[PDB]
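So that the names make sense, note that chain A is the first sequence line, chain B the second, and so on, each numbered from 1. These numbers come from the heavy atoms of this one structure, side chains and all, not from hydrogens, waters or symmetry mates.
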Amino acid sequence: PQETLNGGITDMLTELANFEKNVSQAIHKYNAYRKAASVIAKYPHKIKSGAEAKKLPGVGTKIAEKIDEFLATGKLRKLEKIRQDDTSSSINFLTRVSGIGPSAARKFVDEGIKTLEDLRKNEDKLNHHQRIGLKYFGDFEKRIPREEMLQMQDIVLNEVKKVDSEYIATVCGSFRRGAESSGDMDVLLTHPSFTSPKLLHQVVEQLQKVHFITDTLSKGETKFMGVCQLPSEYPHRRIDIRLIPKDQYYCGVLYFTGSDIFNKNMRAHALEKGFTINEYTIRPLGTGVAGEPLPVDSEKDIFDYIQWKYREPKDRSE
DNA sequence: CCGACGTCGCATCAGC
DNA sequence: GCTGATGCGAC
DNA sequence: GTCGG
Ligand SMILES: [Mg+2]
Ligand SMILES: [Mg+2]
Ligand code: NA
Ligand code: NA
(Lines give C-alpha, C1' and ligand atoms only; values in the text may rest on other atoms or scores of the structure.)
(Ligands and ions follow the chains in the order given, each with its own letter.)
Protein backbone atom coordinates (compact mmCIF):
# COMPACT_ATOMS: atom_id res chain seq x y z
CA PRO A 1 0.00 0.00 0.00
CA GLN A 2 1.31 3.54 -0.90
CA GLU A 3 2.99 5.34 2.07
CA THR A 4 0.78 8.37 1.40
CA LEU A 5 -2.49 6.54 2.43
CA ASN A 6 -1.51 6.61 6.13
CA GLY A 7 2.14 7.64 6.11
CA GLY A 8 1.49 10.71 8.23
CA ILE A 9 -0.14 8.43 10.86
CA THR A 10 2.51 5.69 10.81
CA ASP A 11 5.24 8.40 10.96
CA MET A 12 3.50 9.95 13.98
CA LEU A 13 3.31 6.58 15.67
CA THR A 14 6.97 5.74 14.86
CA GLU A 15 8.25 8.98 16.21
CA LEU A 16 6.13 8.40 19.41
CA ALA A 17 7.59 4.89 19.72
CA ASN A 18 11.08 6.42 19.60
CA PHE A 19 10.39 8.86 22.43
CA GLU A 20 8.89 6.13 24.56
CA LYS A 21 11.97 3.95 24.05
CA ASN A 22 14.72 6.57 24.13
CA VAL A 23 13.43 9.31 26.57
CA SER A 24 10.70 7.72 28.72
CA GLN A 25 12.34 4.24 28.91
CA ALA A 26 9.06 2.52 28.37
CA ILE A 27 10.07 -0.35 26.10
CA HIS A 28 6.54 -1.72 26.16
CA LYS A 29 4.89 1.47 24.82
CA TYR A 30 7.66 1.57 22.24
CA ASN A 31 6.56 -1.90 21.06
CA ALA A 32 2.84 -0.87 21.38
CA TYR A 33 3.36 2.05 18.95
CA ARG A 34 5.41 -0.03 16.55
CA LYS A 35 2.79 -2.74 16.52
CA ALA A 36 0.13 -0.12 15.77
CA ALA A 37 2.32 1.57 13.10
CA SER A 38 2.91 -1.85 11.39
CA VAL A 39 -0.73 -2.83 11.37
CA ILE A 40 -1.70 0.58 9.88
CA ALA A 41 1.02 0.54 7.14
CA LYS A 42 -0.43 -2.79 5.96
CA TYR A 43 -4.01 -1.44 5.92
CA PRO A 44 -5.22 -0.84 2.33
CA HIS A 45 -7.58 2.18 2.80
CA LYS A 46 -7.03 5.80 3.77
CA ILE A 47 -8.05 5.97 7.42
CA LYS A 48 -10.83 8.53 7.99
CA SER A 49 -11.35 8.41 11.86
CA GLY A 50 -9.74 7.03 15.03
CA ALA A 51 -12.67 4.64 15.38
CA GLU A 52 -11.89 3.01 12.02
CA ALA A 53 -8.25 2.58 13.02
CA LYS A 54 -9.43 1.20 16.42
CA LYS A 55 -10.58 -2.05 14.82
CA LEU A 56 -7.07 -3.07 13.87
CA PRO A 57 -5.47 -5.29 16.55
CA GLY A 58 -2.89 -3.21 18.52
CA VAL A 59 -4.82 0.07 17.94
CA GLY A 60 -6.66 1.05 21.11
CA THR A 61 -8.48 3.90 22.72
CA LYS A 62 -5.50 6.29 22.98
CA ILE A 63 -4.06 5.81 19.55
CA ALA A 64 -7.61 6.20 18.11
CA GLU A 65 -7.72 9.57 19.90
CA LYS A 66 -4.32 10.70 18.66
CA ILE A 67 -5.41 9.73 15.14
CA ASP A 68 -8.49 12.05 15.34
CA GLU A 69 -6.27 14.87 16.53
CA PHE A 70 -3.92 14.30 13.64
CA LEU A 71 -6.87 14.12 11.16
CA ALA A 72 -8.38 17.39 12.57
CA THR A 73 -5.20 19.44 12.70
CA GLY A 74 -2.32 17.88 10.76
CA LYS A 75 -0.36 17.26 14.00
CA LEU A 76 -0.14 16.28 17.65
CA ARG A 77 0.24 18.99 20.29
CA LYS A 78 2.21 16.54 22.46
CA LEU A 79 4.58 15.50 19.73
CA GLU A 80 5.06 19.16 18.60
CA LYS A 81 6.01 19.98 22.19
CA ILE A 82 8.41 17.06 22.68
CA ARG A 83 10.10 17.81 19.34
CA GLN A 84 11.01 21.32 20.33
CA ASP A 85 12.21 20.30 23.81
CA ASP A 86 15.99 20.57 23.85
CA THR A 87 16.66 17.88 26.45
CA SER A 88 14.24 15.34 25.05
CA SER A 89 15.17 15.65 21.39
CA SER A 90 18.90 15.45 22.33
CA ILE A 91 18.42 12.26 24.35
CA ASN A 92 16.46 10.85 21.50
CA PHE A 93 19.07 11.86 18.93
CA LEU A 94 22.18 10.58 20.74
CA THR A 95 20.71 7.06 20.64
CA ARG A 96 21.36 6.94 16.88
CA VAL A 97 24.99 6.48 17.90
CA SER A 98 25.62 2.76 18.00
CA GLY A 99 26.48 1.86 21.53
CA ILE A 100 24.54 4.82 23.08
CA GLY A 101 21.19 3.61 24.36
CA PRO A 102 18.49 5.47 26.38
CA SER A 103 20.59 5.32 29.57
CA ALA A 104 23.95 6.75 28.17
CA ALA A 105 22.04 9.37 26.16
CA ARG A 106 20.29 10.59 29.33
CA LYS A 107 23.55 10.68 31.25
CA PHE A 108 25.30 12.65 28.43
CA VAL A 109 22.54 15.21 28.12
CA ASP A 110 22.39 15.64 31.91
CA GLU A 111 26.00 16.85 31.88
CA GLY A 112 25.37 19.00 28.79
CA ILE A 113 26.72 16.71 26.03
CA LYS A 114 23.91 17.03 23.42
CA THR A 115 25.39 16.78 19.92
CA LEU A 116 28.00 14.71 17.99
CA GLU A 117 30.41 17.69 18.34
CA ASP A 118 29.98 17.44 22.08
CA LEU A 119 30.66 13.73 21.75
CA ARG A 120 33.83 14.38 19.66
CA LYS A 121 35.12 16.77 22.39
CA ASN A 122 34.66 14.17 25.12
CA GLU A 123 35.88 10.90 23.76
CA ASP A 124 37.18 9.84 27.14
CA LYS A 125 33.62 9.63 28.52
CA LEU A 126 32.85 7.10 25.76
CA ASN A 127 33.48 3.39 25.98
CA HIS A 128 35.18 1.61 23.02
CA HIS A 129 31.97 0.62 21.23
CA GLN A 130 30.68 4.19 21.58
CA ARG A 131 33.79 5.77 19.95
CA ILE A 132 33.50 3.44 16.99
CA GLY A 133 29.73 4.21 16.88
CA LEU A 134 30.67 7.85 16.67
CA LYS A 135 33.60 7.60 14.27
CA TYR A 136 31.16 5.88 11.89
CA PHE A 137 27.88 7.65 12.61
CA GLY A 138 27.20 8.52 8.96
CA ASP A 139 28.48 5.21 7.50
CA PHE A 140 26.34 3.25 9.94
CA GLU A 141 23.05 4.72 8.71
CA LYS A 142 23.81 4.16 5.02
CA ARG A 143 22.40 1.14 3.19
CA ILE A 144 24.39 -1.64 1.45
CA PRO A 145 23.47 -2.28 -2.17
CA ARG A 146 23.30 -6.01 -2.96
CA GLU A 147 26.31 -5.66 -5.32
CA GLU A 148 28.62 -4.71 -2.44
CA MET A 149 27.05 -7.51 -0.29
CA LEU A 150 27.98 -10.06 -2.92
CA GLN A 151 31.52 -8.67 -2.99
CA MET A 152 31.63 -8.77 0.80
CA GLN A 153 30.32 -12.34 0.72
CA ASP A 154 33.03 -13.32 -1.85
CA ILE A 155 35.60 -12.12 0.65
CA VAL A 156 34.04 -13.87 3.61
CA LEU A 157 33.56 -17.33 2.01
CA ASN A 158 36.98 -17.31 0.39
CA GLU A 159 38.80 -16.41 3.62
CA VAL A 160 36.71 -18.82 5.71
CA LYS A 161 37.44 -21.71 3.28
CA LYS A 162 41.13 -20.75 3.28
CA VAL A 163 41.44 -20.92 7.17
CA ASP A 164 39.86 -24.35 7.26
CA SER A 165 38.08 -25.95 4.29
CA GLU A 166 35.67 -27.78 6.61
CA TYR A 167 33.95 -24.56 7.88
CA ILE A 168 30.42 -23.94 6.71
CA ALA A 169 29.42 -20.29 6.37
CA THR A 170 26.11 -18.75 5.36
CA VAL A 171 25.34 -15.04 5.12
CA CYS A 172 21.88 -14.50 6.66
CA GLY A 173 19.77 -11.33 7.14
CA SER A 174 17.85 -9.68 4.28
CA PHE A 175 20.76 -10.37 1.99
CA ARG A 176 19.87 -14.08 2.12
CA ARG A 177 16.18 -13.15 1.43
CA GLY A 178 17.34 -11.55 -1.86
CA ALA A 179 16.80 -7.95 -0.79
CA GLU A 180 18.07 -5.30 -3.19
CA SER A 181 19.89 -3.75 -0.17
CA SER A 182 20.90 -4.49 3.41
CA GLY A 183 21.61 -2.65 6.63
CA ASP A 184 24.60 -4.79 7.69
CA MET A 185 26.11 -8.37 7.17
CA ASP A 186 25.31 -11.30 9.43
CA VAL A 187 27.55 -14.39 9.00
CA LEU A 188 26.74 -17.75 10.49
CA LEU A 189 29.64 -20.16 11.07
CA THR A 190 29.89 -23.80 12.09
CA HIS A 191 32.54 -26.66 11.83
CA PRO A 192 32.09 -30.43 12.07
CA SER A 193 34.15 -30.62 15.27
CA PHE A 194 31.85 -28.16 17.12
CA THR A 195 28.57 -29.59 18.61
CA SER A 196 26.70 -29.55 22.02
CA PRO A 197 36.70 -20.72 20.71
CA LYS A 198 39.74 -20.39 18.40
CA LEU A 199 37.22 -21.44 15.74
CA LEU A 200 35.74 -17.98 15.85
CA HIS A 201 38.91 -16.01 16.50
CA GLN A 202 40.89 -17.64 13.68
CA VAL A 203 38.33 -16.45 11.10
CA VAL A 204 38.12 -12.94 12.58
CA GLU A 205 41.93 -12.89 12.46
CA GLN A 206 42.09 -13.90 8.77
CA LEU A 207 39.60 -11.17 7.80
CA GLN A 208 41.74 -8.59 9.72
CA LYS A 209 44.80 -9.90 8.00
CA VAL A 210 43.51 -9.17 4.47
CA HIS A 211 42.18 -5.86 5.84
CA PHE A 212 38.55 -6.70 5.38
CA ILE A 213 37.68 -6.25 9.09
CA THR A 214 38.81 -2.77 10.36
CA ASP A 215 37.37 -2.42 13.94
CA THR A 216 35.97 -4.47 16.83
CA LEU A 217 32.90 -3.72 18.80
CA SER A 218 32.80 -6.91 20.82
CA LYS A 219 34.24 -10.49 20.46
CA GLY A 220 33.61 -13.56 22.55
CA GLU A 221 33.83 -17.31 22.10
CA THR A 222 30.64 -17.36 20.01
CA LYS A 223 29.79 -13.90 18.72
CA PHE A 224 31.83 -11.24 17.03
CA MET A 225 30.52 -7.75 16.24
CA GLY A 226 32.69 -5.49 14.10
CA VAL A 227 33.25 -3.29 11.12
CA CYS A 228 34.47 -4.16 7.62
CA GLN A 229 35.29 -2.34 4.38
CA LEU A 230 35.59 -3.53 0.79
CA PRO A 231 39.03 -2.59 -0.64
CA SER A 232 39.04 0.65 -2.53
CA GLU A 233 36.57 4.54 -0.62
CA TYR A 234 33.45 2.49 0.24
CA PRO A 235 31.64 3.25 3.51
CA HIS A 236 32.60 1.20 6.56
CA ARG A 237 29.94 -1.48 7.34
CA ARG A 238 28.59 -3.48 10.28
CA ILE A 239 29.53 -7.14 10.30
CA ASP A 240 28.59 -9.84 12.83
CA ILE A 241 30.09 -13.29 12.84
CA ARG A 242 28.62 -16.09 15.01
CA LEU A 243 29.94 -19.59 15.56
CA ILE A 244 27.10 -22.07 16.33
CA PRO A 245 27.31 -25.81 17.07
CA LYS A 246 26.43 -28.06 14.08
CA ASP A 247 23.16 -29.48 15.46
CA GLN A 248 21.89 -25.98 16.15
CA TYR A 249 23.16 -24.56 12.91
CA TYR A 250 20.06 -24.73 10.81
CA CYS A 251 17.91 -23.23 13.53
CA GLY A 252 20.50 -20.42 13.72
CA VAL A 253 20.27 -19.86 9.96
CA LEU A 254 16.43 -19.79 10.00
CA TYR A 255 16.37 -17.33 12.97
CA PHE A 256 19.09 -14.95 11.67
CA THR A 257 17.50 -15.19 8.24
CA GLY A 258 14.18 -13.92 9.63
CA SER A 259 12.69 -11.54 8.97
CA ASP A 260 11.13 -10.55 12.27
CA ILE A 261 7.54 -10.81 11.27
CA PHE A 262 8.18 -14.05 9.41
CA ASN A 263 9.85 -15.67 12.44
CA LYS A 264 7.11 -14.49 14.74
CA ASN A 265 4.43 -15.86 12.36
CA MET A 266 6.36 -19.13 12.22
CA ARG A 267 6.78 -19.35 15.99
CA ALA A 268 2.98 -18.73 16.24
CA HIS A 269 2.06 -21.48 13.76
CA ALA A 270 4.70 -23.68 15.44
CA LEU A 271 2.80 -23.00 18.66
CA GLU A 272 -0.61 -24.17 17.23
CA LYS A 273 0.96 -27.62 16.30
CA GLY A 274 2.55 -28.23 19.74
CA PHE A 275 6.15 -27.08 19.04
CA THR A 276 8.42 -24.22 20.18
CA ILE A 277 11.30 -22.68 18.13
CA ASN A 278 14.07 -20.38 19.43
CA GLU A 279 17.38 -19.43 17.83
CA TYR A 280 18.87 -22.89 18.76
CA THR A 281 16.42 -25.73 18.67
CA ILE A 282 12.91 -26.84 17.94
CA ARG A 283 11.34 -28.75 20.83
CA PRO A 284 7.92 -30.54 21.03
CA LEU A 285 5.53 -29.24 23.68
CA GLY A 286 4.50 -31.79 26.30
CA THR A 287 0.91 -29.97 29.43
CA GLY A 288 3.17 -27.20 27.92
CA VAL A 289 6.50 -28.84 28.86
CA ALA A 290 9.12 -28.09 26.15
CA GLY A 291 10.93 -31.47 25.91
CA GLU A 292 14.25 -32.43 24.24
CA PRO A 293 15.60 -30.72 21.04
CA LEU A 294 14.82 -32.72 17.87
CA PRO A 295 17.44 -33.56 15.25
CA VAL A 296 17.75 -30.96 12.46
CA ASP A 297 20.02 -31.32 9.38
CA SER A 298 18.61 -28.66 7.04
CA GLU A 299 16.22 -25.73 7.35
CA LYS A 300 13.60 -28.09 5.81
CA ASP A 301 13.53 -30.54 8.79
CA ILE A 302 12.18 -27.66 10.84
CA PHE A 303 9.40 -26.69 8.35
CA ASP A 304 8.51 -30.40 8.19
CA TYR A 305 8.07 -30.96 11.93
CA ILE A 306 5.55 -28.09 11.95
CA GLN A 307 3.85 -29.38 8.76
CA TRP A 308 4.42 -26.03 6.96
CA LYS A 309 5.67 -26.06 3.37
CA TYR A 310 9.32 -25.07 3.13
CA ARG A 311 9.62 -21.40 2.29
CA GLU A 312 12.31 -20.02 0.07
CA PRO A 313 14.20 -17.24 1.86
CA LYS A 314 12.84 -15.01 -0.97
CA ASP A 315 9.35 -15.41 0.53
CA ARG A 316 10.09 -14.60 4.20
CA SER A 317 9.29 -10.88 4.51
CA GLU A 318 6.42 -12.24 6.63
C1' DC B 1 -7.84 -4.63 37.80
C1' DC B 2 -3.55 -5.58 36.65
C1' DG B 3 0.25 -8.56 34.61
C1' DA B 4 2.45 -9.71 30.05
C1' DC B 5 4.55 -7.73 26.63
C1' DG B 6 11.14 -11.91 23.08
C1' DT B 7 15.21 -13.54 24.15
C1' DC B 8 20.24 -13.61 24.50
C1' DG B 9 25.92 -12.60 24.00
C1' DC B 10 29.26 -9.49 25.54
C1' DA B 11 31.15 -5.27 27.94
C1' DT B 12 31.14 -2.90 31.86
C1' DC B 13 29.37 -1.60 36.26
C1' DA B 14 28.07 -2.09 41.54
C1' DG B 15 29.09 -4.38 45.21
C1' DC B 16 31.16 -7.80 48.28
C1' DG C 1 40.31 -10.29 42.91
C1' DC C 2 35.28 -12.37 42.21
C1' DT C 3 29.92 -12.76 40.98
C1' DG C 4 25.62 -10.94 39.63
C1' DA C 5 23.21 -6.99 37.69
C1' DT C 6 22.49 -3.77 33.87
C1' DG C 7 22.96 -1.53 29.34
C1' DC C 8 23.01 -2.49 24.61
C1' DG C 9 22.43 -4.39 20.18
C1' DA C 10 20.19 -7.79 18.12
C1' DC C 11 14.81 -12.21 14.51
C1' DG D 1 -0.37 1.52 25.10
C1' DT D 2 -3.05 -2.61 24.18
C1' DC D 3 -4.72 -6.86 25.24
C1' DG D 4 -6.89 -10.24 27.81
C1' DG D 5 -7.04 -13.57 32.20
MG1 LIG E 1 41.38 -28.91 4.23
MG1 LIG F 1 20.26 -8.96 10.43
NA1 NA G 1 -8.18 -2.47 18.30
NA1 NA H 1 22.41 3.59 20.02
Side-chain angles (χ1 to χ4, degrees), chain A residues 12-14 16-22 24-40 50 53-67 78 94-108 125-133 140 172-177 179 182-188 197 200-201 204 216-227 238-244 248 251-268 270-271 276-281 290 299 302 313 316-318:
Chain A
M12 159 188 91
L13 296 185
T14 295
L16 284 168
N18 286 340
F19 286 93
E20 295 306 342
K21 162 166 43 89
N22 297 315
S24 291
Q25 293 178 231
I27 190 55
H28 303 297
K29 310 207 208 165
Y30 159 82
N31 302 309
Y33 285 118
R34 281 200 16 197
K35 168 161 170 214
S38 297
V39 74
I40 284 176
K54 202 173 169 316
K55 321 170 160 344
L56 308 177
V59 170
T61 298
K62 297 206 206 176
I63 291 171
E65 250 144 58
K66 282 170 168 87
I67 292 189
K78 272 177 198 207
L94 294 185
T95 77
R96 285 173 56 199
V97 182
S98 181
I100 300 175
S103 178
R106 190 67 101 96
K107 157 151 274 228
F108 287 137
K125 319 196 167 235
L126 279 50
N127 70 18
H128 185 64
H129 180 152
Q130 283 160 346
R131 305 176 169 149
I132 301 299
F140 281 2
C172 300
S174 57
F175 174 76
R176 185 157 180 260
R177 303 197 305 270
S182 290
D184 65 5
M185 177 167 279
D186 204 356
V187 182
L188 271 58
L200 181 57
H201 152 109
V204 170
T216 298
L217 288 179
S218 65
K219 174 162 74 96
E221 308 193 300
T222 38
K223 189 176 147 146
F224 166 87
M225 306 182 25
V227 182
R238 278 286 286 100
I239 184 170
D240 300 346
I241 299 181
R242 346 169 138 266
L243 182 79
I244 310 189
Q248 317 190 118
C251 286
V253 163
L254 182 72
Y255 186 83
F256 299 101
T257 302
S259 74
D260 261 348
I261 317 163
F262 174 76
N263 283 349
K264 230 108 73 137
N265 280 301
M266 185 168 169
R267 278 193 300 262
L271 244 262
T276 178
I277 305 172
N278 53 34
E279 97 197 53
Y280 308 104
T281 46
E299 288 201 299
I302 316 168
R316 294 182 203 180
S317 27
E318 25 176 43

ask   = If you measure from the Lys or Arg side-chain nitrogens to the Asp or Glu carboxylate oxygens, is any gap between A:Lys223 and A:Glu279 under 4.0 Å?
value = no
query = Is the shortest side-chain N/O distance from A:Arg316 to OP1 or OP2 of C:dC11 below 4.0 Å?
reply = no
query = Is A:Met266 close to A:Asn263 at the side-chain level, that is, under 4.5 Å between some pair of heavy atoms?
reply = no
Nucleotides 8-14 of chain B: protein proximity per nucleotide (B base, S sugar-phosphate only, - neither; heavy atom, under 4.0 Å) = SSSSS--
message = Applying a 4.0 Å non-hydrogen cut-off, can you work out what A:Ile100 is touching in the nucleic acid: base, sugar-phosphate, or nothing?
response = sugar-phosphate
ask   = If you look at every strand shown and take non-hydrogen atoms under 4.0 Å, does A:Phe262 touch a base, only sugar-phosphate, or nothing?
value = nothing
task = Answer with base, sugar-phosphate or nothing: what part of the nucleic acid does A:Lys62 contact at a heavy-atom distance below 4.0 Å?
result = sugar-phosphate
message = In the structure I gave you, are the side-chain heavy atoms of A:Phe140 and A:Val227 within less than 4.5 Å of one another anywhere?
response = yes
inquiry  = Could you check whether atom CZ of A:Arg176 has more than 12 heavy atoms from other residues, nucleotides or ligands sitting under 6.0 Å from it?
reply    = yes
query = Can you tell me how far P of B:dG6 sits from CD1 of A:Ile261, to the nearest Å?
reply = 14 Å
query = In whole Å, what separates the P atom of B:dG6 from that of D:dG4?
reply = 14 Å
task = Would you indicate what A:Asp260 reaches in the nucleic acid, counting non-hydrogen atoms under 4.0 angstrom: base, sugar-phosphate, or nothing?
result = base
query = Judged by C1'-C2'-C3'-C4' (positive north, negative south), is the sugar of C:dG1 north or south?
reply = north
query = Would you say A:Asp240's side chain and A:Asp186's backbone share a donor-acceptor pair under 3.5 angstrom?
reply = no
ask   = Can you give the dot-bracket line for DNA chain C, where a pair is Watson-Crick or G-U wobble with both atom distances under 3.5 Å, crossing pairs use [ ], and | marks a partner on another strand?
value = ||||||||||.
ask   = Rounded to whole angstrom units, what separation is found between the CD1 atom of A:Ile132 and the P atom of C:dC8?
value = 17 Å
message = Output the rounded distance in Å from CG (A:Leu94) to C1' (C:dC8).
response = 15 Å
note = Closest to the side chain of A:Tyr255, out of C:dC8, C:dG9, C:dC11, is C:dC11
request  = In whole angstrom, give the distance that lies between atom CG of A:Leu271 and atom P of B:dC5.
outcome  = 12 Å
inquiry  = Looking at A:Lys78 and A:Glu65, is there a salt bridge between them, counting it only when a charged N and a carboxylate O are closer than 4.0 Å?
reply    = no
message = Once you apply a heavy-atom cut-off of 4.0 Å, does A:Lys54 come out as touching a base, just sugar-phosphate, or nothing?
response = nothing
ask   = Expressed in angstrom and rounded to an integer, what is the separation of A:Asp186 atom CG from C:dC11 atom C1'?
value = 10 Å
message = Looking at A:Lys35, I'd like to know whether one of its side-chain N or O atoms comes within less than 4.0 Å of OP1 or OP2 on D:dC3.
response = no
Heavy-atom pair with the smallest gap, counting every atom of A:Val59 and A:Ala64 = CG1-N, 4.2 Å
task = Please report, rounded to the nearest Å, how far the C1' atom of D:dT2 is from the NZ atom of A:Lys66.
result = 12 Å
message = I need the A:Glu318 CD to A:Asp260 CG distance, nearest 0.5 Å.
response = 11.0 Å
query = What's the CG-P distance between A:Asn31 and C:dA10, to the nearest Å?
reply = 16 Å
query = Looking for any heavy atom pair under 4.0 Å, which part of the strands does A:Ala104 touch: base, sugar-phosphate only, or nothing?
reply = sugar-phosphate
inquiry  = Can you measure A:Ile63 atom CD1 to D:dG1 atom P for me and round it to whole angstrom units?
reply    = 8 Å
ask   = Looking at B:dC8 next to B:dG9 in the strand, do their six-membered base rings stack, centres under 5.5 Å and planes under 30°?
value = yes
message = Main chain of A:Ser218, side chain of A:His128: is a donor-acceptor contact present, judged purely on distance under 3.5 Å?
response = no
query = Is it true that a side-chain atom of A:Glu20 and a backbone atom of A:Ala26 form a donor plus acceptor pair closer than 3.5 Å?
reply = no
